[PDB]
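**Q** Could you have a look at this structure, given as structure tokens, before my questions?
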Amino acid sequence: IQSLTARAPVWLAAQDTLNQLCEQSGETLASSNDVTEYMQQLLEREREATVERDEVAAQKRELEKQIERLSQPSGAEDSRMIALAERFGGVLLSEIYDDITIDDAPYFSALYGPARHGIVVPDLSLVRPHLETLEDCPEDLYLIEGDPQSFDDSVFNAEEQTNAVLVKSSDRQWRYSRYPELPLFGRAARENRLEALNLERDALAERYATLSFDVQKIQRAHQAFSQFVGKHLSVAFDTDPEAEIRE
Amino acid sequence: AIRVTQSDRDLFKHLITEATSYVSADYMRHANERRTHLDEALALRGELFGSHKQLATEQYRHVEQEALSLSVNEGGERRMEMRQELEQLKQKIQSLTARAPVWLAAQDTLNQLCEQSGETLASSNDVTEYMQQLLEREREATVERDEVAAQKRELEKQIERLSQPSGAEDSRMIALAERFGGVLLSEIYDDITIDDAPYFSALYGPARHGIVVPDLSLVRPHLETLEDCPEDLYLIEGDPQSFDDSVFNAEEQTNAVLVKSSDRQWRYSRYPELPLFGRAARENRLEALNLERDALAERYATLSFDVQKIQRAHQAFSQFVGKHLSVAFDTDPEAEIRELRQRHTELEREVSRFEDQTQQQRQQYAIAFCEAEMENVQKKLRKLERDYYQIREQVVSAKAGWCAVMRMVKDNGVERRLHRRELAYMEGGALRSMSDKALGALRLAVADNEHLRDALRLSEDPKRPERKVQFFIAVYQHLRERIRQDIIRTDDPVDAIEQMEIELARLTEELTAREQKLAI
């Protein structure tokens, strides 16, 4: 009886913690080996939930980058283009076409092709001395000559076709552009599309929040089991002393 | 957000703890008091009844060579007492002996397992501490090997993206080059030197991917028929077999090229790397990616091996605590067995002395007061009977209140929150100490509120126990109103603590960094 009495309180404390722990989980534990196998299942759920979390994170990053490209001032390769626009006596072409309607936007975007985001500069010889200094610029910079305030349609050997445009860029060179949807120019409704993108990104943020919460829950559950075994196994799953003392 | 949640968690966690301790300790003290009352009642009842019948029987009776026996009866009993003690001592030695090889095996495998581990073990709780450290390290290792596997998947995806021949080329463009007399431009300059390749790629710009068609008469009729083609198709006129320099008014700058593309149009480009021309299969890049992939594979292999080692050590410890923990770190039983052998010897000497002494000894040797005293015991019986009567009223009256408290407590408190059954094996002094210190904390915690303050005030009369549980109920309801279920859903605050903890961890993780800072 003295031995059982000395042993009892430790076993009782251990049992309370064990009951709380297993009830906190869906599965009921019965032995040391059982607890270990539950550890392993917990690890597998960690490493699955984390993969979904990371993939959703990748989508969210892509969405923010896409939204950000359409932001300012007239959405373009804004990193250097604004400074490059003022360092010459020119104006950004996409900014000149800020006001165009949605109906002509796809046509113009097909027409100008890669040069949509070039700069208008009426001489193009004043840049020739400056040019050697351009070490910080997009890998392909486009320059056009004309009046920035009342720029005339750049002389293109253009030719309209069904839902596409043909152009002779140079002697022995032609480009053929198909009408895109939701273009660059006409940056009035392109705010409409970035509004759609904001609506899209809201859902990704919500879903990512839930997934991160789940991962944290799993991690803390593993922490709880580790703390438990650190403080608990010495008397875990042993026979009940109340019964034997009563006997 | 982290600030607000921190404040809420601190408040909940402290107030709930003090309320729970203050209430539960008193509850258990009452349980123990009732047990003591029942024990006292049964003991005094037992001896009262027994003495009563004895007194009745003694009243009925009341109304109605020598040294050989003593010397042999005592001597024989003494040796016999020691015969039984010898058997005990024998049984004690037998128990210690049955436990001896078990202990020795425990120590042996303990030393072996200790040496298998870097850290040295000295106590049971120390062993379990080391075990949880091992689990922690195992979890970290498996996380790292998973990370490396993910990066190796990324590299393998990048290499797979080098579909054909080494670095993917769009087959649709090959079909288009088949549909018009001509050849793909990159296919024409795919073999130019790597030194000049960046220069050429800068020269051609977007037109790098295009078809060399020397006629330009086949396309125009077929142009309106093209729908699957890339959105920006490029075409150039020249001999595919011996392709003359394309018309560029190209002028070479430092690490860049300038091209007068058209009237009123110049195009400026800088030198890239991985040029579309001069590919030569760019096998060197494929091999650099293979080198990186193989480095990742090797790192993954090492981490997998390490995790396997850790798991094996874990299983060893699980088995040990499954089969030797009961005897781990105990002392050597042989010393105690030796001591009991000395006791056997003295016992055998004493047995010999009594056997000899009894042998020699047996060989040479071979009412008015009772009534008066007993009537006072009868009157003692009467006094004891009224004492029993008092105790009995105490017991029944106490149960009447236990009934009510256990009726009200069934609002989930008794399940495990108030019934802190650990406390049943403690004396009342410790219970009161805990209750008093908990009350000291509560007075400060509850200082501002008035409802809770009134309830706590009412609770401190020992003669009305249900008041304390009512105070507990007030606390729980008060907390439930403050949960702010916009972000939390559990109604039980005690369970809500875990959700506040999770929120703190997640918010601290979101706080990390973005650093994509660049603007006008």
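These protein sequence lines map, in sequence, to chains A and B. Letter by letter, the first sequence follows residues 594 to 840 of full-length UniProt numbering. Letter by letter, the second sequence follows residues 248 to 311, 566 to 867, 1082 to 1235 of full-length UniProt numbering. The beta-carbon is built from N, C-alpha and C at its ideal position, and this holds for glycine as well.
#1: Got a sec? Which residues, its chain only, sit under 7 Å from residue 650 of chain B by beta carbon, not counting five neighbours each side?
#2: Chain A beta carbons: is any one of them nearer than 7 Å to that of residue 636 of chain B?
#3: Pop quiz: residue 804 of chain A and residue 642 of chain A are said to be a contact at Cβ under 8 Å. What is the actual Cβ separation, rounded to whole angstroms?
#4: Whole angstroms are fine: how far does the CA of residue 666 of chain B sit from the CA of residue 676 of chain A?
#5: For residue 836 of chain A, decide whether its Cβ has a neighbour in chain B, counting only Cβ atoms nearer than 7 Å.
#6: With the cut-off set at 7 Å, would you say residue 822 of chain A and residue 634 of chain B are in Cβ contact?
#7: Quick check on the DSSP output: the alpha helix (DSSP H) that includes residue 633 of chain A runs from which residue to which?
#8: Run down chain B in chain order and give the residues with a C-beta less than 8 Å from the C-beta of residue 754 of chain A.
#9: Taking the beta strand (DSSP E) that residue 1152 of chain B falls in, what are its first and last residues?
#10: Can the beta-carbon of residue 273 of chain B be found less than 7 Å from the beta-carbon of residue 1150 of chain B?
#11: List the residues of chain B whose Cβ lies closer than 9 Å to the Cβ of residue 687 of chain A, in chain order.
#12: For the segment 772-790 of chain B, enumerate the residues whose C-beta is nearer than 8 Å to any C-beta of chain A, in chain order.
#13: So is residue 796 of chain B in contact with chain A if we call contact Cβ pairs under 7 Å?
#14: Given that residue 602 of chain A touches chain B, what residues does it touch there, using C-beta distances under 7 Å?
#15: Determine the contact status of residue 737 of chain A and residue 713 of chain A, defining contact as a CB-CB distance below 7 Å.
#16: What does residue 659 of chain A reach in chain B if we use C-beta pairs closer than 8 Å?
#17: Measure how close the beta-carbons of residue 663 of chain B and residue 787 of chain B come, nearest whole angstrom, since I'm counting them as under 8 Å.
#18: Does residue 267 of chain B have its Cβ less than 7 Å from a Cβ in chain A?
#19: Is it a yes or a no for the segment 823-839 of chain A touching the segment 1098-1118 of chain B, going by three-plus beta-carbon pairs under 8 Å?
#20: Could you tell me the alpha carbon to alpha carbon distance between residue 691 of chain A and residue 668 of chain A, rounded to whole angstroms?
#21: So residue 671 of chain A is in the alpha helix (DSSP H); what residue range does that whole segment cover?
#22: What is the rounded straight-line gap between the Cα of residue 585 of chain B and the Cα of residue 862 of chain B?
#23: Would you be able to state if there are at least three C-beta pairs under 8 Å between the segment 717-732 of chain B and the segment 815-829 of chain B?
#24: Evaluate residue 1224 of chain B with the Cβ neighbour count: other Cβ atoms within 10 Å of its Cβ, from every protein chain shown; 16 or more gives buried, anything less gives exposed.
#25: Name the residue from B/587, B/783, B/308 and B/1226 whose alpha carbon lies nearest to the alpha carbon of residue 843 of chain B.
#26: Do you know how far the Cα of residue 1152 of chain B is from the Cα of residue 605 of chain B?
#27: Are the C-beta of residue 670 of chain A and some C-beta of chain B separated by less than 7 Å?
#28: How would you call residue 581 of chain B, buried or exposed, if buried means at least 16 neighbouring beta carbons within 10 angstroms?
#29: Apply the 10 Å Cβ neighbour rule to residue 775 of chain B and answer buried if 16 or more other Cβ atoms are within range, or exposed otherwise.
#30: What span of residues does the alpha helix (DSSP H) with residue 700 of chain B cover, start to end?
#31: Is residue 1131 of chain B helix, strand or coil by DSSP?
#32: Tell me the residue span of the alpha helix (DSSP H) that contains residue 785 of chain B.
#33: Within 8 Å, do at least three Cβ pairs link the segment 265-272 of chain B to the segment 1180-1192 of chain B?
#34: Looking at the C-beta of residue 707 of chain A, does it have a partner C-beta in chain B at a distance below 7 Å?
#35: By the DSSP assignment, the beta strand (DSSP E) with residue 753 of chain A in it spans what residues?
#36: Once DSSP output is grouped into helix, strand and coil, what is the label at residue 690 of chain B?
**A** According to the structure shown:
#1: 801
#2: yes
#3: 6 Å
#4: 42 Å
#5: no
#6: no
#7: 625-662
#8: 724 and 725
#9: Here residue 1152 of chain B belongs to no beta strand (DSSP E); instead the alpha helix (DSSP H) covers 1143-1160.
#10: yes
#11: Going along chain B, no residue has its Cβ under 9 Å from residue 687 of chain A, so there is no contact; the nearest lies around 16 Å.
#12: 773
#13: no
#14: 1137 and 1140
#15: yes
#16: Within 8 Å Cβ-Cβ: nothing; residue 659 of chain A doesn't reach chain B, min ~14 Å.
#17: 6 Å
#18: no
#19: no
#20: 10 Å
#21: 671-680
#22: 23 Å
#23: no
#24: exposed
#25: B/587
#26: 47 Å
#27: no
#28: exposed
#29: exposed
#30: 698-705
#31: helix
#32: 784-824
#33: yes
#34: yes
#35: 750-754
#36: coil
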